[PDB]
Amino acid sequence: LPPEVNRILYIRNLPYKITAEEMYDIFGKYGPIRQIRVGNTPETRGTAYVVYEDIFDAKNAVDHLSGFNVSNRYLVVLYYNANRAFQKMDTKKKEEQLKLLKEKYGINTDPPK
């Protein structure tokens, strides 16, 4: 599996009123879910992070859920990218966040491919 494959999926175009149970039904179909974080601010609502326990389940969800129809709306389902994840920070404070993550955990801090 390609390097960009990750157990964390970043979701966009998510209905505002979707429930915790609906989130677990949609994504849980693909394997044990480690955790889900739903955006709950003006800047983040409509988006979510979905974490799988296993990487091959995460690959499978991407292959099947991109453009998935839920309440007249097609989901955008993307692999986590730390660079992307911390976009909404300023130049200096972002660089430090990415530095922390690469140093302490060894995650890729490059932009998407």
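Residues carry their position along the shown sequence, with the first being 1.
Participant: Highest mean C-alpha temperature factor of the two stretches 100-108 and 14-22, which is it?
Facilitator: Averaged over C-alpha atoms, the B-factors run higher in 100-108.
Participant: Between 41-49 and 66-74, which has the larger average Cα B-factor in the PDB entry?
Facilitator: Higher mean C-alpha B-factor in the PDB entry: 66-74.
Participant: Where does residue 81 sit by CA temperature factor within its chain: lowest, middle or highest third?
Facilitator: CA B-factor rank for residue 81: middle third.
Participant: Residue 60: which third of its chain by C-alpha temperature factor?
Facilitator: Within its chain, residue 60 is a middle-third residue by C-alpha B-factor, going by the deposited values.
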